[PDB]
Amino acid sequence: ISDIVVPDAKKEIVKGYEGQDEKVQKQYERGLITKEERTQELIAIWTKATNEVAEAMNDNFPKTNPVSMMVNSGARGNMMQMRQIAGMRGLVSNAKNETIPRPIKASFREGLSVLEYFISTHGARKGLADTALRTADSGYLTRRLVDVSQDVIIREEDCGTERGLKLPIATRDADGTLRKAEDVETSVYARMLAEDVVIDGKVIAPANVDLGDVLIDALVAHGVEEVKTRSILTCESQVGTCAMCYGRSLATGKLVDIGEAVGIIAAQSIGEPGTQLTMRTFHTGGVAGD
Amino acid sequence: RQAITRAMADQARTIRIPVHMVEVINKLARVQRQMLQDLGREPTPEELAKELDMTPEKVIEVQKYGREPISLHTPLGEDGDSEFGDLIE
Amino acid sequence: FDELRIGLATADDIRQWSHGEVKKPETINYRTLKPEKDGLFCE
Amino acid sequence: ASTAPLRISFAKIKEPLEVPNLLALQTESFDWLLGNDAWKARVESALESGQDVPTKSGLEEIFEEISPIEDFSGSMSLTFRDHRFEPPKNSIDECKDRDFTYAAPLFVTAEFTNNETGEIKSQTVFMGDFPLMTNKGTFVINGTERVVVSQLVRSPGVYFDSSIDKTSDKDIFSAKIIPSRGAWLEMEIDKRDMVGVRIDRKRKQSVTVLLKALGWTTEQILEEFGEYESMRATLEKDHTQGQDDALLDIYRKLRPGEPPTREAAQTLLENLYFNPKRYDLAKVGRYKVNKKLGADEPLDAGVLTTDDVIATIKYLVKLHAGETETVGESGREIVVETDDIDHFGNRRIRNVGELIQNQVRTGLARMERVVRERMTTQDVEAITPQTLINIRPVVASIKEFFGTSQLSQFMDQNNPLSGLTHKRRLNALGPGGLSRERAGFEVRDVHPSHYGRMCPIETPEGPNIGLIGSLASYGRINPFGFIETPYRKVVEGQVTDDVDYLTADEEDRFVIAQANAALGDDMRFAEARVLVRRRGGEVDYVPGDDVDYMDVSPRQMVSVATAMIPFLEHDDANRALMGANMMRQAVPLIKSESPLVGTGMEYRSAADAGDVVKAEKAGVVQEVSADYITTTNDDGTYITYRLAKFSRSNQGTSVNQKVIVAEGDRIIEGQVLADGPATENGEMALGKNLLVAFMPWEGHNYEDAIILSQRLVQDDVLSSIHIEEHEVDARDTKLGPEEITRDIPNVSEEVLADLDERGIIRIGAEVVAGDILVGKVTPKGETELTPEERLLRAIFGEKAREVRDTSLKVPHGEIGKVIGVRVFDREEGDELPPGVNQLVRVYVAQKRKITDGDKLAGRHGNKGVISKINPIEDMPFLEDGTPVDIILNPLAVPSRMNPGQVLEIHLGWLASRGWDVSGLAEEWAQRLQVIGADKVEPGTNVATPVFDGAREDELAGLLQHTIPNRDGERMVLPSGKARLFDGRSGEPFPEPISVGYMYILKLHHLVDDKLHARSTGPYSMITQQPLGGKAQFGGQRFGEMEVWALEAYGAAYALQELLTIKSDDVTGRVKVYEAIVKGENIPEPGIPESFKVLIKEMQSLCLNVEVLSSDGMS
Amino acid sequence: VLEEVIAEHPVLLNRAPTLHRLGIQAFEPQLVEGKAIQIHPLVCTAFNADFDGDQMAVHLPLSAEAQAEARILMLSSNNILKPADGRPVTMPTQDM
Amino acid sequence: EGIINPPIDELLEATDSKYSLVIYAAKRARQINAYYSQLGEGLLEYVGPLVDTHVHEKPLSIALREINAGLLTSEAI
Amino acid sequence: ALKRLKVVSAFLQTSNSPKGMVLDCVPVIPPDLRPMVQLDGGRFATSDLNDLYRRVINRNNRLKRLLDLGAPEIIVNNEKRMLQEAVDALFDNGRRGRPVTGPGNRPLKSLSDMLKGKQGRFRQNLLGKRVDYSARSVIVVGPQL
Amino acid sequence: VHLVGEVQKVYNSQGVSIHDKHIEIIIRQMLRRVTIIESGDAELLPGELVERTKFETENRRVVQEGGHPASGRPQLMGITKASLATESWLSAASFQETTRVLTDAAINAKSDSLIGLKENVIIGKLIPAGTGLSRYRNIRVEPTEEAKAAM
Ligand SMILES: [Mg+2]
Ligand SMILES: [Zn+2]
């Protein structure tokens, strides 16, 4: 219990925030402000308070204690879990998706009160029901994707094609420098060039080769801004799709064999993190359809 | 009444029962119900045998023949896919 | 198994598949427990 | 005072009101249904105490509901005046042992009066064997123990809703009047700026036609109802006029195909809604209708009148027009607003009494139809009350309720906590209720009105989340069916000792304080700022003397199972849910010990469950033994309590009952005489307390797995008796009678060595898998001996009988000791089902120790299978050579967000080696001194209530002042961690490791039941694939996603052999088995049988589905 | 004899949800005590298999073709990379 | 001393595909298992284990050993 | 004028005659795919298709008996409509109106109801099947492997 | 580009990474059809779903005969509508709609070539992918001459 440490600043910070909240509430009792405006400013200032106490907790911790040693190492855990274990829990959604103006000021180490525990159970049961229905819908989507994406098999070694897809390789460049794309690993990698690329009269990369870290680094260093890469959308093959237009397989890291069911692999890979997404609209804001 | 009860004997049950056996079994059922509402308890098969003037073995054979088949598609419970027909080899 | 066909089945095809007429609603005998003749379940 | 064992409590605030009887939900409801002595004593005590309570019973109400009926001439009448009960002819142990239903005969005094003859025939008729609820709250039917849980349903009444349509760009309001039994009616206003009625949603219609069809004319409508513009528009746009035209139009629209008729339409409108039999609105329905609509003193029970429909119309149009407050039509000034159906004051529970009452009502309605049909074809002066009524529908309805129903559930007896939870569960499913397909997010979620009435923590985490929920600890049920909760009255800022039980309706109009709020020397609030709650779940504070109710305990929101969890406020809500739902799976061990740290409710949670033997009367023990306890009460009688020793529960666990009383010690009423399963000294004990260290240990505690010492194997710590019953019956088939005989054919003599003379395995004979238990032979089979077997028969010789070996053998992978055999004979007086000649049941009991794969768990949602039972010398050990008993991964707890287990562990250590706090003059020390937890002997149990537990400072300071064990040195540092050695290498671990005592459960996910294997076994019949299940030697299912995975690999051959060879081929399987046995290569796969079955089923839908080869057809 | 036979005869371990391709993997069997399947930690997150409680099914490749595909295509040591994005999947992260 | 004892990268570089390799080894394992079940018939088409074999060994391990050793070839018809 | 034409083309290009639109003979399932199996205690387990087929033969035989002798057109037409409804419930129970129930609890399973849905032949008996040589047990971690 | 980027920004908002080719396979399966208009010369009905390959083959057929080609607009349809509108009626029947597709196949009298993986799982044959291809099952295995000479 000494390994989980509450920040020493948390007490005075929540004391000051309760002082100003009491000032706001005693101002509201005279009717000078509507209840909706008070609720909005209260959730705003309490979001500020929970972000600031998360910062205080992230300043208090040492690099030696086991909990930080297992969240900062990527071993197991997240920073928000330590935020709501060491610092205060934060704003918690009510039933039918709005937020209680009053937050949960108690950490799990200090122990929640009765009503704070009740309003936390409000969100917990919603999360359990949501993840059950989400994994059901993910399974349904996976089934539909598999049945639409089957009979798509690599059936040819190579096409005669040179047509391809023009993908951005370097973007968001600053003044006097070039930066490569942020999501190049899942857009341009594991593909092949439809044709050679030259900038100074000499070839940088050959045609029909897998793209890796060093080749993309050479391309972005030499000064290219877009790459015509061989994709499966532009594949014109008499039977199915070819291995070269698909590119190298990502399961084995080499070129895909003739006969590998790429449609089923694609459908399974799309439908697998459907239960991992864990997304829902936090608040509608009082308006529907926006 | 004659035609309706004849067609009930010959068509209502999936395993068909002859009309004389149908009247035997329903007479046994009605006298058993009468003894149940009189004595206030389930009558023993021996007393039913004496009051029907038949042997007790005939009485238990009649009670055996007076059954109704259960469908193979009856669900067991919460699961709809696991059927009653998939539990028997 | 070159392919698999499907189509409307006329009365001739239904009679061709059939090995006989099911002329009785009876299924099994209640005593001998043997399937009835010229009806359902008929041997 | 001596009812409970010693347990030092860490609570800070006294409890004004003790927790009520936890079994009252079942017993009080069934006592009301029976109307026995307890119910009438309760109603007279409540009447002399002034509390509202029904003076009418459950069966007398339903007998008086059947009014004396009249025929077409109005000649006869029959009246059921008085109902009565006789003692059951079979005792409860007799019913349990001999496969009976615990029931008592039900009589009623029926009199038959004929007006024409002036002749009265009063008689007593036996209405059937009504099943009875025991003092435990269970129904023993067909030898099995069942519980009938309460059912959450919508309360009958009016309901107003508001919605927004994107196309209309405006709000639309609706009203509905849902009754207890009858049909439903709706009123939707301004679908296209017109108001309309739905009569069972049959045909398009308006409101003016229905009002004109009733007794009010157009002038009255335009005079009284003329201040709302939309209804005026509907009135002026109504082309039809007059009562006759409106009635004929509504009859034509409701029932097309026939010409309208005055009498037919009048009878239909009087029967659909106004009929006292087809629209029996309940007492709760009428109460809620007149409460919402403001009807001041209407009829207590009845159908809806035209006045109620008119008031509903006025309420709906007032709500649509905008105003939220109005004078009630025939009533007072009341508020107008929409109400949501998920509010817990609109949710009503049908208890066991109401459910059985509804089933009896259905049976009696069928009986009334039968008696009407009888009297329509019977002559007068030949009718007797013993004759014209038939009790068959009533008994049939009762028996169809108690079996094959979603409400009468097989009671789980894993442990007393599971039994109590099953009693206390409120089930939103079932007949006449919200089904799982009909469930949505809004009805599953926790409502702000659930506080004190339904537990937000524990609920089944499967597909029915939120639908089934456990009742709160302090919850009470209204006579109507609404769930109450007690609050202390607060007057002029002073919390007085007066308790009012408030349901969810009156709770909203008041403001409710919190039990955690501090109080001064007097009963006034010491602090002006108090955290309170009000209508709608708002949590805003209020200063000074403005509150008017207070919580009776911080234990109010939590259920019985959740309250067993110490340091719940530190655990996450998800982990609290998992722990509460998982403590019900804890098996009872050989000998149980109550938790070293745990909430003080465990004694109440064990005593209120009825498996613990408690004294009915106060006296002194005279004789004590393992089988019985004989006590002499002070009045002079001698009462003997029998104990169930090594009997089988419904889940296979033993219900062995230990003894705690001495030879001659005094006994008071309700004092625990003998323990139960999973109890110690009358206190709940679901597991064992073990030494715990959080550390990764060589990867055997990975993904929250379990490493544990062999001391939990050798010292018999985590082990349990499991009793399994298994039966067979010798029947009289067509070929002959099956015989239970020793002379089993085609078997060696040593196999049948342990059988009795009649073919029964002896008591206490150790038995293994495949052994002969009871020797049953089938009389004969169609014999077609092969010439080879005929020649072999000539050499060896065979039995003249040629009987078949169908004896009952032990299932695969089962080891046990036979502890009992029960034989029922037709030739004796024992009753047997038709066809069978005799029946035998054998119980085998095994003392299962703890092994790999056995799932264990704590009380805070932490769980894991066992990966390694280490030797004692391999476990890390403390500074005194004490090895730790279980190693837990510390990686799990910060991600699972349940630090409370760690808290528990520290206090567990503090309860192992006691503390000495006296004169320390510190805040926590003074708190412990005024509480009483300042001088604690080592090993004594401590108590932390579920929201008044021991604080952080108290644990830290007590860890500072733990009593030393040896050499005057204490062993755990004030940080809570101890320097811990290594059992393998021997060098001490670098950093101190946190150690203590966690109370670990043994779940019923035993590895001996999960393991199952098959190479070739039984096959299904409709399709020739293997069947499923562990007991029937079935194969695992290779579903669609598995086949997708194998196609993604691109392994055609493995997929083909898993689909065609290893199932579904009547000839491939045998050939492959021959090829494996003979060592040759596997033959080529054929065609699966299910494809042929598909072709045959498509061919019989008149589709000429024909296979084609390259050359031609097939 | 059982110890002698199960050598060089792969079996397919399979967890029930099997969201992606690596839910079926071939392993070399080895006789152990107890009644629980012993699985490698290093592969568990490929199956998404925690040890709270998780029953795994084992299928037996039967002919030469089936166990050849198990040894060559399905071997757990050949499935380091996840087919969804090419990142390694057989390096779980809790204690190692 | 296991399944992985034939290194698989050598098999791929000696086959140039993975499905060809698995069906190739399966056919050779079938031939070896048919040879073991000849019961002294002396059939010419079935050629025994070309590599050394223990007292008991699966035919598929022998098949992969001969594929890895490079002493066996296959051609498409 | 589009959609109707398509179906007319479906009857014009192919060789299937529209004589399959209305049927004169009703095929039956082979009896082992609609089994009536003995159950312990003297009971029977019967497929619902046996009940549907039995109703079809009952109504057809009654119609034959009505046509043998002199009957009014209303009785004959009523029995013909009953026979048509029996055939329809045999092919689809519950496509029109209230489904045939039987004992009073659940709708009677028909021919097309086992070629449809989660419980149909396509998804529960063809793509996903039970297997032999298979087992299932809980997993524990072994780091020595 | 729009569909790939939209699904990738939905997935990337959480943190899960999926390569673009997995999306592009389904997107190519999505744009496989065409809606045909002014098809008075191609001798089929107008305004219905036509596969791209069949439409293109009919275009070469009608321009080899000398007639003018029909017009066609690319049609983007759901994965369910692309699943049901398939050539093989076994895969259509094993998917969501199970009664309507069988009636439609009976009226159309359509015979399905047994290519594809669902209707090869159903019938029990080898799937035409991976080891089940014709080019992999046609090899013949025999020992080399020097291996025979050694022993
Ligand atoms: Mg798990
Ligand atoms: Zn290509």
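Calculation rules
Residues numbered from 1 in each chain as written, not as in the entry; some residues may be left out. Chains lettered and ligands numbered in written order. Part of a larger assembly, values for the part shown. Heavy atoms only, no water. UniProt positions renumbered as here; feature names shortened; annotations may be inferred. Helix = DSSP H or I, 4+ residues; strand = E, 2+ residues; numbered from the N terminus. Rg over C-alpha atoms; globule rule 2.2 N^0.38 Å. Buried < 20%, exposed > 50% of the residue type's maximum accessible area, 1.4 Å probe, protein only. Contact = heavy atoms within 4.5 Å. Areas by Shrake-Rupley, 256 points an atom, 1.4 Å probe, with all protein chains shown as cover. Donors = N, O, S within 2.8 Å, 3.2 Å for Na, K, Ca; no water. Expected span 1.5 Å × (residues − 1). Arc of directions from axis to C-beta. Tetrahedral: all angles 85-135°; square planar, octahedral: opposite > 155°, others 65-115°. Buried area = accessible area lost by both parts, 1.4 Å probe. Salt bridge = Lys/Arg side-chain N within 4 Å of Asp/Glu carboxyl O. Polar contact = N/O pair within 3.5 Å; in protein donor to acceptor, adjacent residues only side chain to side chain. Nonpolar A, V, L, I, M, F, W, Y, C, P; charged D, E, K, R; others polar. Pairing = 2+ DSSP bridges. Patch = residues over 30% accessible without salt bridge, like charges linked within 9 Å, V, L, I, M, F, W, Y side chains within 5 Å. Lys, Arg positive; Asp, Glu negative; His and termini not counted. Charge placed at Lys NZ, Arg CZ, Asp CG, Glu CD. Core = buried A, V, L, I, M, F, W, Y, C linked by side-chain atoms within 4.5 Å. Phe/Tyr/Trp six-rings, centres within 6.5 Å; stacked < 30°, edge-to-face > 60°.

Chain F goes by DNA-directed RNA polymerase subunit omega in the PDB entry, where it is assigned to Streptomyces coelicolor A3(2). This entry carries the title "Cryo-EM structure of AfsR-dependent transcription activation complex with afsS promoter". The UniProt entry for chain F carries the following text under Function: "Promotes RNA polymerase assembly. Latches the N- and C-terminal regions of the beta' subunit thereby facilitating its interaction with the beta and alpha subunits (By similarity)." Quoted straight from UniProt, the Subunit entry for chain F says "The RNAP catalytic core consists of 2 alpha, 1 beta, 1 beta' and 1 omega subunit. When a sigma factor is associated with the core the holoenzyme is formed, which can initiate transcription."

Looking at the PDB entry, one finds chain A named DNA-directed RNA polymerase subunit beta', with Streptomyces coelicolor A3(2) as its source organism.

Moving on, we get to the overall build of chain F. Across its full length, chain F carries three helices and one strand. Radius of gyration (C-alpha) of chain F: 13 Å, near the 11 Å computed for a compact globule of 77 residues. Projected onto the principal axes, the alpha-carbon positions of chain F cover approximately 35 × 35 × 15 Å. Taken over 77 residues, chain F has a buried fraction of 52%. Taking as baseline every contact in chain F between residues at least 6 positions apart, the subset at least 24 positions apart corresponds to 47%. If you sum the accessible surface of chain F, you get close to 4,000 Å²; carbon and sulfur atoms cover 50% of it.

Attention shifts here to the coordination of the magnesium ion (ligand 1). Residues and elements named next belong to chain E. Only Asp50 (OD), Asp50 (OD) and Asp54 (OD) from the protein reach the magnesium ion (ligand 1) as donors, at distances of 2.2 to 2.5 Å. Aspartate 50 sits in the partly exposed class, given a relative accessible area of 24%. A relative accessible area of 13% places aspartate 54 in the buried class.

What follows deals with helix α2 (residues 37-49) of chain D. Residues and elements named next belong to chain D. Taking 1.5 Å of rise per residue, the 13 residues of α2 would be expected to cover 18 Å, and the 18 Å separating its terminal C-alpha atoms lies within 8% of that figure. Those residues of α2 that fall on the buried side of the exposure criterion are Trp39, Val43 and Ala46. Along the axis of α2, the buried residues cluster in a sector spanning 65 degrees; they form a single face. Among the exposed residues of α2, those oriented more than 90 degrees off its buried face are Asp37 and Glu48. Here the buried face of α2 lies against α1 (24-34). Just downstream of α2, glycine 50 is the residue with a positive phi angle, here 85 degrees.

Turning to the coordination of the zinc ion (ligand 2), a few remarks are in order. Residue and element names in this part refer to chain A. Those donors, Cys159 (SG), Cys235 (SG), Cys242 (SG) and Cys245 (SG), are the protein atoms that reach the zinc ion (ligand 2), and they lie 2.3 Å from it. Here the zinc ion (ligand 2) is ringed by four donor atoms whose angles at the metal span 97 to 124 degrees, and the overall shape comes out tetrahedral. Motif for the zinc ion (ligand 2), donor spacing along one chain: C-x75-C-x6-C-x2-C. Of this pair, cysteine 159 sits in the loop between β1 (154-156) and β2 (165-168) while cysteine 242 is found in strand β7 (residues 241-242), placing the two residues 83 residues apart along the sequence. Here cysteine 159 falls in the buried class, since its relative accessible area comes to 10%.

Further remarks concern unusual backbone geometry. Residues and elements named next belong to chain D. Positive phi, close to 55 degrees, is recorded for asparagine 142, a residue that is not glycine. Under the relative-accessibility criterion, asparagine 142 is labelled partly exposed at 48%. A positive phi angle, close to 55 degrees, is found at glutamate 297, a residue other than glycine. Along the chain, the position of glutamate 297 falls in the loop between α10 (283-293) and α11 (306-321). Assessed through its relative accessible area of 74%, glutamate 297 is described here as exposed.

Let us now look at the interface of chain H and chain F. Across the contact, 15 residues belong to chain H and 19 residues belong to chain F. Here chain H packs against chain F, burying approximately 1,700 Å² in sum over the two surfaces, 66% of which is carbon and sulfur. Together, H:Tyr136, H:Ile139 and H:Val141 form the three largest contributors to the area buried by chain H at its contact with chain F, with a combined 37%. Run the count over chain H and chain F and you get one salt bridge. Scanning the region where chain H abuts chain F turns up five residue pairs in polar contact. Mapped onto the side of chain H that touches chain F, the elements with two or more residues apiece are α8 (134-137), β5 (139-143) and α9 (145-150) of chain H. A total of five residues in the side of chain H that touches chain F trace back to one element, the largest contributor, which is β5(H).

As enumerated under the stated definition, the model contains 97 salt bridges over all chains in all. Here D:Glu954 makes a salt bridge to D:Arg927, at a shortest N to O gap of 3.6 Å. With D:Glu954 in helix α25 (residues 952-960) and D:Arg927 in helix α24 (residues 923-931), this residue pair connects regions lying 27 residues apart in the sequence. Where H:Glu51 meets H:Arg33, a salt bridge forms, and the shortest distance between an N and an O atom there is 3.1 Å. Of the two residues, H:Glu51 is situated in strand β2 (residues 49-51) and H:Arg33 in strand β1 (residues 33-37); the sequence distance between them amounts to 18 residues. By sharing partners, the salt bridges in this structure join D:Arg7, D:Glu602, D:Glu683, D:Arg859 and D:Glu904 into a single network.

The interface is formed by 56 residues belonging to chain D together with 40 residues belonging to chain G. For chain D, the biggest contributors to the area lost against chain G are D:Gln1036, D:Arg1037 and D:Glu1097; these three give 16% of the whole. Applying the counting criterion to the chain D and chain G interface returns four salt bridges. Between G:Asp132 and D:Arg1014 there is a salt bridge; the shortest N-O distance is 2.5 Å. Connecting chain D to chain G are 21 residue pairs in polar contact. The leading source of residues in the side of chain D that touches chain G is helix α30 (residues 1089-1099) of chain D, at eight residues. Considered class by class, the residues forming the side of chain D that touches chain G number 25 nonpolar, 19 polar and 12 charged. Judged from the three bridges that link them, strand β47 (residues 1012-1014) of chain D and strand β4 (residues 134-141) of chain G form a sheet pairing that is antiparallel. The partner of D:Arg1014 across the bridge, within β4(G), is G:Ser134.

Glancing now at a positive patch on the surface. On the surface, a cluster of positive charge is contributed by B:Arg33, D:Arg374, D:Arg392 and D:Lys399. Within the secondary structure, B:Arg33 sits in helix α2 (residues 19-39).

Residues and elements named next belong to chain D. The sheet built from three strands is open, its strands ordered β33-β36-β37 with antiparallel pairing. For this open sheet the edge positions go to β33 (739-740) and β37 (804-805), each flanked by a neighbour on one side alone. With two bridges joining them, β33 and strand β36 (residues 776-778) adopt antiparallel strand pairing. Bridging from a neighbouring strand, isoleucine 740 pairs with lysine 776 of β36.

What follows covers the sheet that holds strand β25 (residues 638-642) of chain D. All names here are of chain D. If you walk across this open sheet you meet the four strands as β25-β24-β23-β26, and the pairing is antiparallel. Strands with a single pairing partner mark the edges of an open sheet, and in this sheet they are β25 and β26 (666-667). Sheet topology places strand β23 (residues 619-624) next to β26; two bridges connect them, and they run antiparallel. Considered in β26, the bridge of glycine 619 is made with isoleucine 667.

Ranked by size, the top nonpolar core spans 156 residues in total, and within it D:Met1098, E:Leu13, E:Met74 and H:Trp89 carry the most contacts. Beyond its immediate chain neighbours, meaning those up to four positions away, E:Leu13 contacts E:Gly23, E:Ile24, E:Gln25, E:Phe27, E:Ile37, E:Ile39, E:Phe47, E:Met56, E:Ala57 and E:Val58.

What follows deals with the side chain of A:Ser249. Residues and elements named next belong to chain A. Examined against the element boundaries, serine 249 turns out to sit in the loop between α7 (243-246) and α8 (262-271). Taking relative accessible area as the criterion, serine 249 reaches 3% and is therefore assigned buried. A distance of 3.2 Å separates the side chain of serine 249 from the backbone nitrogen of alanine 251, its partner in a polar contact. Those residues in contact with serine 249, other than ones at most four positions away along the chain, are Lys254, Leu255, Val256 and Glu260.

So, about the packing of aromatic side chains. For the coordinates displayed, the defined rule picks out 24 aromatic pairs over all chains. Centre to centre, the rings of D:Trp909 and D:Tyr997 are 6.2 Å apart; their planes meet at 40 degrees, and the pair counts as tilted. In this pair, D:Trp909 is assigned in helix α23 (residues 900-912) and D:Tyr997 in strand β46 (residues 993-1002), connecting sequence segments 88 residues apart. Both residues of the pair, D:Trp909 and D:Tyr997, count as buried. When the ring of E:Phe27 is compared with that of E:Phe47, the centres are 6.2 Å apart and the planes differ by 50 degrees; the resulting orientation is tilted.

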